[PDB]
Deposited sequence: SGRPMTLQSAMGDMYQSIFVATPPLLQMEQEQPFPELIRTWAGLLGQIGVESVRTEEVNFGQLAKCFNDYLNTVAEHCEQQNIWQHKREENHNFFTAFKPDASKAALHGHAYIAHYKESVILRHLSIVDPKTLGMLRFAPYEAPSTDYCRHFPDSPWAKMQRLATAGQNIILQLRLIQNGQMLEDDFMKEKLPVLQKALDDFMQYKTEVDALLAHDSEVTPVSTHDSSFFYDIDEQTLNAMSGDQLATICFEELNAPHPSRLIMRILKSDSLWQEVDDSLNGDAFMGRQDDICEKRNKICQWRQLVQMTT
């Protein structure tokens, strides 16, 4: 029986790609697969784009049921002490938007094929999914994890060096993705238009809340804001602040962000070139 060749499409989206592959592998007689022409970096961008579309859709419809007057995501109930220090390069910020957290905990790094760490929300996230295993959050994260596993099983199969090997795990990963997509697409379909706020990644943080933050918390915010194509009111607020900048500077000059992979040297440079701009 001839093993089918997984190929990556002209510009087709992750879901179509999976639909395609699941079809090829469900064909009769197949008992192996050729992952030689699969570019894992491109597969990761492809999945990440889809995750981004989903996470964006969740925000627009406010599937999170976020009340306009809270400056915090719904994970707050599952986290104190709430250390204000950095945890594997990030500090807990209670003001993270749910869709950003969702993207953080599930985006596959095209270079390393791991996740860029977002440690302060791993436990509250897990805790949430336990109390609310049918929650929209739990469903999105589950679709997310499902997509990750497809890439995982392919990278595994793409290796060589083992016993045998063997496929049903891949087959399942593909079908589990489809299923979870069904539930996600169904949640999304129910349609209050979209509510906007005055920074990209966080709910509105007031001056008093912001002057209570540690340097690590503040630097975490700055590093996050640089992911946006335009300077934010929030990051400008912080860099404009003389007192806030002091905390930001001596955290930047620490060791808590050494291991960060989001172009940390370059971001530190942007932040400095932006303080000068603003004082």
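Taking the first deposited residue as 1, the stretches without any C-alpha atom are 1 to 20, 187 to 191, 217 to 219, 308 to 310.
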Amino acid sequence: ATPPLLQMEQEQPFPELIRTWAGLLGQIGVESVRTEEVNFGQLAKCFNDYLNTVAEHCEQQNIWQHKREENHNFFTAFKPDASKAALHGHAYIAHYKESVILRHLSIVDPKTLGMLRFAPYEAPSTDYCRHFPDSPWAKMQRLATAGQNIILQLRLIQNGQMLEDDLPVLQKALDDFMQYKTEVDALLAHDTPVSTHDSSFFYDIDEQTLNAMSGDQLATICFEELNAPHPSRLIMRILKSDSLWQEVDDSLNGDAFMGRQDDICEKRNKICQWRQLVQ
From here on, numbers count along this sequence of modelled residues.
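Higher mean CA B-factor, judged across 152 to 160 and 94 to 102 from the recorded values: 152 to 160. Per the PDB record, of the two stretches 77 to 85 and 117 to 125, 77 to 85 carries the greater mean B-factor over its C-alpha atoms. Placement of the Cα temperature factor of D204 within the chain: middle third of the modelled residues, per the deposited record. Compared with the other modelled residues of the chain, the Cα B-factor recorded for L188 ranks in the highest third. Residue-level temperature factors show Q171 in the middle third of its chain, judged at the C-alpha atom. When the modelled residues of the chain are ordered by C-alpha B-factor, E59 sits in the middle third. Among all modelled residues in this chain, the alpha-carbon of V38 has a temperature factor (C-alpha) in the middle third.
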